[PDB]
Amino acid sequence: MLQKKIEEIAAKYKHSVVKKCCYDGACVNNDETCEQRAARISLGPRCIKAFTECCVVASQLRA
């Protein structure tokens, strides 16, 4: 559309993994430790790490 929406769109595609793998990683789960949950991941390290970091961090902020 107009020159910001442009970037607005193309951003959507940058670091897509980190972006996502992080979100799930943060999203609450008190039935499982991060470790357990990250074991179930199938998208390899980047996602894995991503996911983890965010989880652990978030949780701790939940403290």
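Residues numbered from 1 in each chain as written, not as in the entry; some residues may be left out. Heavy atoms only, no water. Residues with missing side-chain atoms left out of burial classes, pairs and counts.

Regarding how it was determined, this PDB entry cites X-ray crystallography in its header, along with a resolution of 3.299 Å.

(A) Seen up close, the pattern of salt bridges. Under the criterion given, the structure shown has 1 salt bridge. For the salt bridge of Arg40 with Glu32, the shortest nitrogen-to-oxygen distance reads 2.7 Å. The class of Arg40 is exposed, set by a relative accessible area of 63%. (Salt bridge = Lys/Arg side-chain N within 4 Å of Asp/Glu carboxyl O. Buried < 20%, exposed > 50% of the residue type's maximum accessible area, 1.4 Å probe, protein only.)

(B) Expanded view of the UniProt feature "disulfide bond" in the chain. Formation of the UniProt disulfide linking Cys22 with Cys54 is confirmed by an inter-sulfur distance of 2.0 Å, under the 2.5 Å limit. In this pair, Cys22 is assigned in helix 2 (residues 16-26) and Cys54 in helix 4 (residues 44-62), connecting sequence segments 32 residues apart. Residue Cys54 is classed as buried on the basis of its relative accessible area of 16%. Checking the UniProt disulfide annotation for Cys34 and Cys55 gives a sulfur-sulfur distance of 2.0 Å, short enough (under 2.5 Å) to count the bond as formed. In this pair, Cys34 sits in helix 3 (residues 34-39) while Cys55 sits in helix 4, placing the two residues 21 residues apart along the sequence. In this pair, the class of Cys34 matches that of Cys55, namely buried. (Disulfide = S-S within 2.5 Å. UniProt positions renumbered as here; feature names shortened; annotations may be inferred. Helix = DSSP H or I, 4+ residues; strand = E, 2+ residues; numbered from the N terminus.)

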